[PDB]
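Written out below as structure tokens is the structure these notes cover.
Labels below follow one simple rule: chain letters A, B, ... track the order of the sequence lines, proteins then strands, and each chain is numbered from 1.
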Number of protein chains: 2
Amino acid sequence: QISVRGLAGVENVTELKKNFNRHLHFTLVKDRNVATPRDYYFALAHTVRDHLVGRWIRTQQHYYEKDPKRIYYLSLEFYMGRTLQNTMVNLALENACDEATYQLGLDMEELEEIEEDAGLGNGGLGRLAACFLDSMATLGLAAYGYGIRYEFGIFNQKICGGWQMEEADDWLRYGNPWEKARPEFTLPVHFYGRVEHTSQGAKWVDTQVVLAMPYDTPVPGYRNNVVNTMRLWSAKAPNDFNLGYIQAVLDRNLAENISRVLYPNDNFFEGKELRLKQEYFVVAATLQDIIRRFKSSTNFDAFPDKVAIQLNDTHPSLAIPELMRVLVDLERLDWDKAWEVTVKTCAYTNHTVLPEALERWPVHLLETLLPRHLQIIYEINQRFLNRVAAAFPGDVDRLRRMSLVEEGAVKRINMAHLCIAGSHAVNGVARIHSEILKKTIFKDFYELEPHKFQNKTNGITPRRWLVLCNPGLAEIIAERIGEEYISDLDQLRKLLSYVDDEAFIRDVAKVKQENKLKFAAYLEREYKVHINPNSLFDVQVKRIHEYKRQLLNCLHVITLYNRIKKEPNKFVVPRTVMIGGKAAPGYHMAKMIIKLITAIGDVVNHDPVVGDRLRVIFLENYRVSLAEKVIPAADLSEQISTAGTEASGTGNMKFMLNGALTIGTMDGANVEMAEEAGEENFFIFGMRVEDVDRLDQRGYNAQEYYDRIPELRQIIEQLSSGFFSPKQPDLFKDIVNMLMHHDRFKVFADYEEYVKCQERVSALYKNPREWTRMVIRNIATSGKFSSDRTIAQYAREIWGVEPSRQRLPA
Amino acid sequence: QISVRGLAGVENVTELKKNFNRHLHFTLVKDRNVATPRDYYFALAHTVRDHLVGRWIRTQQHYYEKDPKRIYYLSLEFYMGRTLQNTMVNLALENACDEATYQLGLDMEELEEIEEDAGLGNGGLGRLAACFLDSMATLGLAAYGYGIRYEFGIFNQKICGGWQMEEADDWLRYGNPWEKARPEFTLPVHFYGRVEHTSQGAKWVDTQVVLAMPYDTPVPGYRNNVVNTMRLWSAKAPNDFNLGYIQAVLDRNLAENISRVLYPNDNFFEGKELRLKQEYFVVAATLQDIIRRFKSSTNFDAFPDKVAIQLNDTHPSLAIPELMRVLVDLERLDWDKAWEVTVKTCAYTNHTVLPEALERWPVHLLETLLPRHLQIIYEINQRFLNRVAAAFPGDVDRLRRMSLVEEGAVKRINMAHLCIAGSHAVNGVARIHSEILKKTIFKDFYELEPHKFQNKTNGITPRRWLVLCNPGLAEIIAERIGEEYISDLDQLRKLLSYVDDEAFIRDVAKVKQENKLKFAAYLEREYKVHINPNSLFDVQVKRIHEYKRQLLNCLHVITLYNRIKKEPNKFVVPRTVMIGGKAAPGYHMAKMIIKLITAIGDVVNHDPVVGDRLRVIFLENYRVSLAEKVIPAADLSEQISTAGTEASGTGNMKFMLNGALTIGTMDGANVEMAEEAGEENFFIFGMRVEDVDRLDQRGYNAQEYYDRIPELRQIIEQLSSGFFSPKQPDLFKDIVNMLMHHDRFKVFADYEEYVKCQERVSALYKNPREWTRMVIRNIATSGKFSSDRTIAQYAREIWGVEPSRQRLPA
Ligand SMILES: COc1ccc(-c2nc([C@@H]3O[C@H](CO)[C@@H](O)[C@H](O)[C@H]3O)n[nH]2)cc1
Ligand SMILES: COc1ccc(-c2nc([C@@H]3O[C@H](CO)[C@@H](O)[C@H](O)[C@H]3O)n[nH]2)cc1
Ligand SMILES: *Cc1c(COP(=O)(O)O)cnc(C)c1O
Ligand SMILES: *Cc1c(COP(=O)(O)O)cnc(C)c1O
């Protein structure tokens, strides 16, 4: 049907049909009389998987023969989502599979909906890792993603009585056709024990052993026949583990719990032993695998020429002392040489400045679990501080600030300090964030070693986030400028020459309208709710956190409601306000915010005076597959974090690419988006970073805003008095008390500017031609935010490898 | 090469090679340059599996269309062993696969050795279930085996310093290509809770739910294109289970532990809650599956016409009250009608008279775990005892003896009594055993309902236990009488006409010699030990238990050793005495017996005066795959249980079929073997059951035998004084004390007759022609001991179905 989905040749379609029927019979052991839609999904997934394997084998063979520098991307999170459609897109099989399944009496879109998300991440950080793997494959880099194969990913969210309930995400229940277990490359990982000092070096002895079993998942590049590997480790007990008899076997679960479940905190550090075990587990297994591959290419001088290790935040920071341990204790390198190799191999990406998100591990935990690593950390620290003292003689407070070891009631190791000391490059994830790192939390380190500090602004893959989720938009773009933009997103600039083209304006608006209709029907089918698809779709989807300011959005929604009730017969631009996202299970305020959003909905959606002019919907179970549906349907993207808090954001970029306008603060990558599109094509409001600093110096007093803004006072009085919770009048007192007395994120300080800016949004929406022209200017300038651009910069400026768009032979 | 392995046609071999290469590439994602022997095994297993699937689908379809009476064989144990070779034998693919792999540069016998045993049983009871599944498929019965998919089967045995050590049997580590998960037919199983009485019936409420997920394994019949199903349940927690957050997810292991591990006790009852959970789990899931299939054929009068449930001992006895629960509480049948249906549906096989093996569950356990089942059991008991009281008025002691409820400090439910009350047929497993049931432990029940009591003598499948393990013997038989005997083992009687045939005598002895050479080399390769293959191979392999009297064998071995040392220059027939088997981990005396056997070996095998005239070998890790190697190599089969203790035995039958002579007591099926072969062709010794009873009446005094038999006194003095344990002189005092003062199995009472009978064995072995003639007379009369005969009797006399040797279309 549409060109960007590829060719459906007679031979190809005939062969797909044959192989589908072969898998249904031989692989699934079903016939057509008893097959369910799930069986049909698996038959198609195996059929498509077969097309990957030849390319996967040949790619890995090619890397063995050419021996390029290898890139290892270490992350505790990979938020992959579904694989079937992405695989078809990257192999140019989508139209062929559509036609094949159509001829078998099946709807391929219905089969796609059966696949579980691989939800092995919390949000942005994990999804960035996934976009990066796609870009690395598309750019022909010899890259490997290494992580943990969690049995349970991010929990499934249910809303009961307006409250979040959590259910385990049993994503492996029906099997995962995309992974290949490799039990033959299983490796041992050590814990506990003690250190003995012999005459020739330290020895780590009396340890408990857990096995790391790898599962490999293919990562196809975009139409280049490159298939890279994501290797995820699963924990297994050895067979003599604890070996009355029955209890010893049952106790194997203690070892296997390491890979059982993803910690569900976004931007928050929980210092639990189990999490530390996960961090070491992934590092120890991965580093053995790296060294094995390096020796099968004595001379570790060449190691940094053949290996780059990228640390996705501090979560895999133990890679630094582990590499030192292996090189010094096992390979018998002198300390100075081992350190040179380590620093040249490792690079660190920081993703947050929030103090509660930074990993600071208690020394007593490390002492018990990883006694040799603690010794190595202390030695790193002493050598590092000796350098500081030589550069800044007499500056004793600098020595305290820069130490890897923090003093206090409980001594802690600051893992960010460890990463900076042990890495040749340290980057933030958007220009403003990288500047904040140099001016504030890592200022001292920047003064010592300015050359280490870089910026790499984040991006998103346009395969998943345009072609896959919004084929209608991809097609109308391709009709004008061809298909090359899918792997060279800067070509979207050519669309600026179509900003006054009446046919293009029409087509852009038509695609948005279709996407809104399709989403409005999805909502009715799966969740029994009636929305007006002519209304402005105002969307805020992301994890629930105080810094992201869903509460500010709530205040605007109540303002609109109160304005309608005051003047019911005045025209207002109709809106559907959709908010979705998961709260971390232990984060009380985030759970209270969810309840507030649903309680506002309960009032607003049932008030007959409001009608269809305002609807408030909480989108349940926000995840990658839901993002693919709602983002193409959005008109307005809410990116309203307090300036200085959102390191980058990536949702922001997904909305820009898909034809929504953005209302946002000058935070993270929003700054760069506005710069690319022009400030006149962005709805910017609120305090800049400098304004927040000025408020913090005099002292934030929320009472001043309450006293001066009557519309704001009315809302607080409604919240306090039980207007949105008549049966439990004090339900929201924690929210009110926080806003009035200990709001770290200054919700009231941006309220007035936010409401005024929202009125400008509504004014523009009344003129559909000018709204759409502004949209075209956004889509046209979104090219910088391709993760292909981001990865090319990492490759050239950090890893020292050249990207390639050349195809391997098929 | 050999005819019974089938045809190797050019087309077949070409297609096998293609499919092997397809699986290596697409299924395993390997090329020939990096493939290991394990990859080659999996490629062949998938290739052979593909030949099963069409037949499996068509067989199950045929049962749906014809709607025959269905047979459900419920067992906690299925000791399957390896599947690859058995599959090839039953599909006539062995020579074709041999040729295909040969042309690919691979040795198929080497690939076969890579497969793990499916070790989901302890010994005879579990292996009987496996032979039965093979026979049911070969006889065209619509039969299903139902059990538990244990993650860990019977432990792997290691010998360290002469002691048994246990290691977990992680049989699923590399995957199981033979099973198909069916997560779509997952069913709930309930535990705990309480009973509420409403106006219309009892309700079992407030229960904890565990899911039962089925995995299906194909069971091919012998060259008839029938493929039946073995369905094994695995335990899964529901997704809301216990739903801080992290701990709730980790605690899912509590539910999933139900299917984690096989209880490793042979002939011993351990009354643990976890075992009770396993028993109910298998019953509750299976019965729902049975009822579903019955309703998809209101009218439960027809249920016993369409369903037979065979209880493999009392382990699945909760099927009786569960069926009553479903019919009364859920289907709303009146009690009397439900009971009629239950009795007509269920039949019970008893496999032991040892009092410590009989299941007697504490009432307090049932009350907490299965409160509704306990109520139903009490009602069954009251109704049953009302019948007893009407038949035997005033016989109050009979009421006490027959009750399902045993009085005492702890009230217990006698599950054997429950099975008899609720079953239309009760059988023992050999003629002597079935007679013992009627005369002793179930005498009262037999007097009430004589019509219920039957015998079904055990058997073994001649596919695994002749064709598969001893192709050389199968072939020389086939050269004379054709191939029909493989599915009609009574045809072996035709071999009596070849007892004086010089060529046949030669060939039988040649095959034995080859098997001994092959086993002698296996021992050198895998376990670094030098045995004389011209020696008589004297073999006792079976679980270690006091009743099986490995200790009596030990006493004979020491006797031979002492006789050699007394007269070193006299000729004695050389022997290699091999003993193997696992001890239950908590069974102290069994572990001490293993240590005694290895300690005897340590002395005997290193005494230079003995030379190669006597060797004592402990065969480590005895299991089904080791049985397939050692049984074809044996000359003498040791079947020496105290009369009245071995309900049947099946090892005995395996040795008879494979050309060993038997030294044995008149116990279990040995009685029937001697009757079939003639007593003159069997080495019978020792007390009969009647002699044991006479000794028990006067009192067994072991001291009398010590005082009268100088050779026996010498052995006890050697054991006591530390001759076999010089560094730990008192090591064997528990063994000595047991033999002298509390030997329940009367080892000393059979010593003299046993040693004299062993001298007759040695005398016959000196005349190889007459030894071999006696062997032919044994093999020729082994036909009764086919499990095809056993299953045909169950079918006709218990299940009410007619067996069929007709082929389904291919
Ligand atoms: C399990 O514990 C944690 C899980 C995640 C984070 C984390 N997530 C991000 C997000 O990273 C994105 C990708 O760079 C940014 O776009 C986003 O601004 C940031 O909040 N920063 N930090 C921190 C601890
Ligand atoms: C896990 O707990 C148990 C496991 C097994 C048994 C058992 N095994 C047999 C053996 O059954 C064989 C098949 O009928 C007989 O040949 C054998 O004589 C008997 O001991 N009888 N009883 C009992 C409890
Ligand atoms: C992109 C994405 C995120 C990150 O969104 P932000 O608005 O940048 O926080 C979180 N979750 C999912 C499922 C995503 O696809
Ligand atoms: C046949 C068999 C048994 C039963 O042997 P008995 O001598 O009858 O106890 C036990 N274990 C294995 C592995 C078997 O094959």
Would you call [X] and [Y] a side-chain contact if the rule is heavy atoms closer than 4.5 Å?
X	Y	answer
A:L596	A:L719	yes
A:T576	A:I617	yes
A:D538	A:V761	no
A:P264	B:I246	yes
A:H556	A:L552	no
A:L354	A:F268	no
A:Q550	A:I544	yes
B:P238	B:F241	yes

Less than 4.0 Å between a side-chain N and a carboxylate O, is that true for [Y] and [X]?
X	Y	result
A:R173	A:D170	yes
A:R549	A:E646	no
A:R275	A:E270	no
A:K516	A:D635	yes
A:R563	A:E759	yes
A:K548	A:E638	no
A:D696	A:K746	yes
A:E526	A:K629	no
A:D691	A:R688	no

| message | Other residues, nucleotides and ligands only: do more than 12 of their heavy atoms fall within 6.0 Å of CZ on A:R713? | response | yes

For the residue pair [Y] / [X], report whether a side-chain donor-acceptor contact shorter than 3.5 Å exists.
X	Y	answer
A:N532	A:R615	no
A:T650	A:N458	no
A:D612	A:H530	no
A:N652	A:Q639	no
A:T642	A:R744	no
A:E77	A:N312	no

| field | Under 3.5 Å: donor-acceptor pair, side chain of A:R543, backbone of A:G123 | value | no

Please give me the minimum heavy-atom distance between [X] and [Y], naming the atom from each residue.
X	Y	result
A:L120	A:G153	CD2-CA, 4.2 Å
A:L262	B:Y245	O-CE2, 4.4 Å
A:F442	A:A416	CZ-CB, 3.9 Å

| request: Measure the acute angle between the ring planes of A:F723 and A:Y561, then classify it against the limits of 30° and 60° as parallel, tilted or perpendicular. | output: tilted

| said: Tell me whether the NZ or CZ atom of A:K756 lies within the 45° cone about the ring axis of A:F685 and under 6.0 Å from its centre. | reply: no

| A:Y150: which of A:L76, A:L232, A:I258 passes side-chain contact (heavy atoms from CB on, under 4.5 Å) | A:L76

| Between A:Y705 and A:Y751, is a ring-ring contact (aromatic ring centres under 6.0 Å, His included) present by the stated rule, with each step listed? | CA-CA 9 Å; A:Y705 296 90; A:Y751 171 80; 9.6 Å; no

| said: If we check salt bridge (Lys or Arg N to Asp or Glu O under 4.0 Å) with A:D134, which of these qualifies: A:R463, A:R127, A:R464? | reply: A:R463

| A:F724 ring center within less than 6.0 Å of A:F732 ring center | no

| message | Before you tell me yes or no, could you show the steps for A:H545 and A:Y587 under ring-ring contact (aromatic ring centres under 6.0 Å, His included), namely the whole-Å CA-CA distance, both residues' side-chain angles and the distance that decides it to 0.1 Å? | response | CA-CA 9 Å; A:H545 205 297; A:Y587 184 5; 5.1 Å; yes

